[PDB]
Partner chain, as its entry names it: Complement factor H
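Next up is one chain by itself, shown in structure tokens, the form solved without the partner chain.
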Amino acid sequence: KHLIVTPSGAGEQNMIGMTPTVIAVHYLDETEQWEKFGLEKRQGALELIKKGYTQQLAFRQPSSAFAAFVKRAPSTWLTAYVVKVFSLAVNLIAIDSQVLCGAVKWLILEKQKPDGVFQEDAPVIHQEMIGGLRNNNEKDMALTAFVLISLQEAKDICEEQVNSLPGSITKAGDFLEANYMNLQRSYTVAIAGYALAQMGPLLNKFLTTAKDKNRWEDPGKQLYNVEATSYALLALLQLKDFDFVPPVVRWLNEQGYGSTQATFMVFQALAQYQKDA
């Protein structure tokens, strides 16, 4: 009931207030709790989601990418970020598929290295809005898992309008697979895991990296693990291994500023759960 925030500000700051509002409604839709949340609130929420969308289109550069300011250099992460929030909202409000495919098409033709590595040339000013991907270490594996995961949440939407999308998917997915075994941060393993699970030894790696077999935590900011454990939770559901899911989910339940990613991922994980199991 706190996740309903009225979006405003520039390209990035508008998404920070839009994110909670979009996932809030998302969750309530999948778990169908609107009756328990407030049955009359859903509209005012959608209206707000409609406002943020629009307020965001204004920060859409000619090349279909995004940034805080029209004058600012486009950002690979934000562009990718807009993509996933928006791909999730095609069931909440009106979304121009041209905008989503336009942004996905850019994220490939000019942000994916010749070897399936998506790169960030113009970082977002609000580094806190990007969850654990902020952790410099293992940036290529991480930022590539993030973009990919978005492109996956945008497949159905732009699968018929983007030619490169499928080739970009495979060329990306391998990079993570070729270097999956060489990962020490649960986060990168947790995020890229879901990344891969979306398409043997790797899979055994995805488990034994989980402390206590119920959380992908790493020696730092807990919020990062919340995110980490979430991507991973979605990883499980992709393989329907509802076997070890109970713990993970149980640990999440027993778990503002800088909470953009966790708020998004956590509720999306706990959502895809209520749906898949």
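We call the rigid core the largest set of C-alpha positions that still match within 1.5 Å between the two forms. Residues that one form lacks are left out of the comparison. Positions refer to the first chain, counted from 1.
Peer 1: I want to verify a possible break: how many residues of the deposited sequence sit between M199 and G200 without any coordinates (none, 1 to 3, 4 to 9, 10 or more)?
Peer 2: The entry has a gap there, with 4 to 9 residues left out between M199 and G200.
Peer 1: As recorded in the PDB entry, how many deposited residues are without coordinates between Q255 and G256: none, 1 to 3, 4 to 9, or 10 or more?
Peer 2: Per the record, 4 to 9 deposited residues are absent between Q255 and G256.
Peer 1: Please compare 87-95 with 174-182 and say which has the higher mean C-alpha temperature factor in the record.
Peer 2: Mean C-alpha B-factor is greater for 174-182.
Peer 1: Per the entry, where is the mean C-alpha temperature factor higher: 42-50 or 210-218?
Peer 2: It is 210-218 that shows the higher mean C-alpha B-factor.
Peer 1: If you check the C-alpha B-factor for each of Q127, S150, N163, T188 in the entry, which is highest?
Peer 2: That would be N163, according to the entry.
Peer 1: Using the temperature factors in the entry, find which of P74, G116, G102, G131 has the highest value at its Cα atom.
Peer 2: Of the candidates given, the C-alpha B-factor peaks at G116.
Peer 1: Relative to the other modelled residues of the same chain, rank the CA B-factor of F59 and answer lowest, middle or highest third.
Peer 2: Answer is lowest: the recorded C-alpha B-factor places it there.
Peer 1: Quick check on the deposited entry: does the C-alpha B-factor of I157 sit in the lowest, middle or highest third of its chain?
Peer 2: According to the entry, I157 has a C-alpha B-factor in the chain's highest third.
Peer 1: Which third, lowest, middle or highest, does the CA B-factor of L203 fall in along this chain?
Peer 2: Its C-alpha B-factor, which the entry lists for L203, ranks in the highest third among residues of this chain.
Peer 1: With respect to C-alpha B-factor, does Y231 fall in the lowest, middle or highest third of the chain as deposited?
Peer 2: Within its chain, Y231 is a middle-third residue by C-alpha B-factor, going by the deposited values.
Peer 1: Taking the C-alpha B-factors as the PDB entry records them, is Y224 in the lowest, middle or highest third of its chain?
Peer 2: Its C-alpha B-factor belongs to the middle third of this chain's values.
As for the form deposited with the partner chain bound, it is not shown, yet the points below apply to it.
Peer 1: Taking heavy atoms and a 4.5 Å cut-off, does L78 contact the partner chain in the deposited bound form?
Peer 2: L78: no, not in contact with the partner chain in the deposited bound form.
Peer 1: Although the partner chain is absent from this view, report whether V162 comes within 4.5 Å of it in the deposited bound form, heavy atoms only.
Peer 2: Result yes; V162 sits at the interface with the partner chain in the deposited bound form.
Peer 1: Report whether the minimum heavy atom distance between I108 and the partner chain in the deposited bound form is within 4.5 Å.
Peer 2: Close contact exists here: in the deposited bound form, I108 approaches the partner chain to within 4.5 Å, heavy atoms only.
Peer 1: Tell me, yes or no, whether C101 is in contact with the partner chain in the deposited bound form, where a contact means a heavy atom of each within 4.5 Å.
Peer 2: Judged by the heavy-atom cut-off of 4.5 Å, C101 is in contact with the partner chain in the deposited bound form.
Peer 1: Is every one of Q112, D115 and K171 in contact with the partner chain in the deposited bound form, taking contact as a heavy atom within 4.5 Å?
Peer 2: All of them do, each having a heavy atom within 4.5 Å of the partner.
Peer 1: After fitting on the rigid core, list every run of 3 or more consecutive residues where each C-alpha shifts 2 Å or more between the shown form and the other one, in sequence order.
Peer 2: Moving region between the shown form and the other one: 36-38, nothing else.
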